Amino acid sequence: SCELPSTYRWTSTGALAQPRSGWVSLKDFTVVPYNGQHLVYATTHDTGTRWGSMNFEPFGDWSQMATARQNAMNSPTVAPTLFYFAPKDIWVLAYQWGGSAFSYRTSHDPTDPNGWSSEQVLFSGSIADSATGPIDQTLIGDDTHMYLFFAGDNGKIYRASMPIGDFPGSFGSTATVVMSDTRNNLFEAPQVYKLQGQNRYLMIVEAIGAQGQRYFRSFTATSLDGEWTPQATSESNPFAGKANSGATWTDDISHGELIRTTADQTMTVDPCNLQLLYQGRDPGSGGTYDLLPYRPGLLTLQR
């Protein structure tokens, strides 16, 4: 494969879709390959105070995201993570702000926004020193374990694990801090992937920059239960940010996901073809955080 660069350079699209009437934003994207198409779920917010979730109809190419039907979910699954859990031939949708810290549901047809099972507990722990509590889960498995990573809007990244044979189920109520920094440097939206062709995992984490602009920092590990090493960890030399995105429609490069080689729990990405589906917003936007007009965009790594 292709080693991660020490300096990332991207090109970007503009906004790839506008929210369906009634929503002010589309956020926190999760995306899988599904029958040769892209299947995307997202957080929504309306014009008042309501968070929700949605999926898009599957679409073939990124120009079709703008016209793909946007399907409200009748059960809100904010900041979702979608994947196929191969060992039990079942799809899993993990999320937050349900009945415990994190939740999940299952389905045999992930294109159906309303086909998910009743809510199941994914994590029932609490964390110290956090205004939000646990936020922005992500999940990944290797040959023997499933792993849960999450943030706390507090400078820490947390990890829990279970034997893969016990999944789907709850990770319990305890977690291990695997990294800590200032609140702004390890803020939220972690995503963890296996790099195809390398004995290496990639973690990206959203950070808040010096003028409030959102960007991503990257870290690597050789084992999911091992230590993380800074890979691109400043605003001027980020994994992805205003410094290197090639995007003018947005300064923020915020909560999203890399395009994967598989839908399943191995969370594999091709380091020769990194692409980031992120949320961005017009630099002229402002006002209360919850009403910010986020939209999807796509970065393609230059090589």
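For every residue, the number given is its place in the sequence shown, counted from 1.
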Response to the item:
Taking the deposited Cα B-factors and averaging over 141-149 and over 120-128, the higher mean is found in 120-128
Worksheet item: On average, which has the higher Cα B-factor in the deposited entry, 110-118 or 173-181?
Response: 173-181
Practice prompt. Would you mind checking which of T250, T30, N237, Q265 has the top Cα temperature factor in the PDB entry?
Written response: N237
Item to complete: Select lowest, middle or highest to describe the third in which the CA B-factor of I164 falls within its chain in this entry.
Response: highest
Response to the item:
On the chain's distribution of Cα B-factors, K88 falls within the third called highest
Discussion item. Quick check for you: using the entry's CA B-factors within this chain, is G256 in the lowest, middle or highest third?
Written reply: lowest
Worksheet entry | Where the record places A66 (Cα B-factor, split into thirds across the chain) | middle
Practice prompt. Could you tell me which third, lowest, middle or highest, the C-alpha B-factor of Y289 occupies within its chain?
Written response: highest
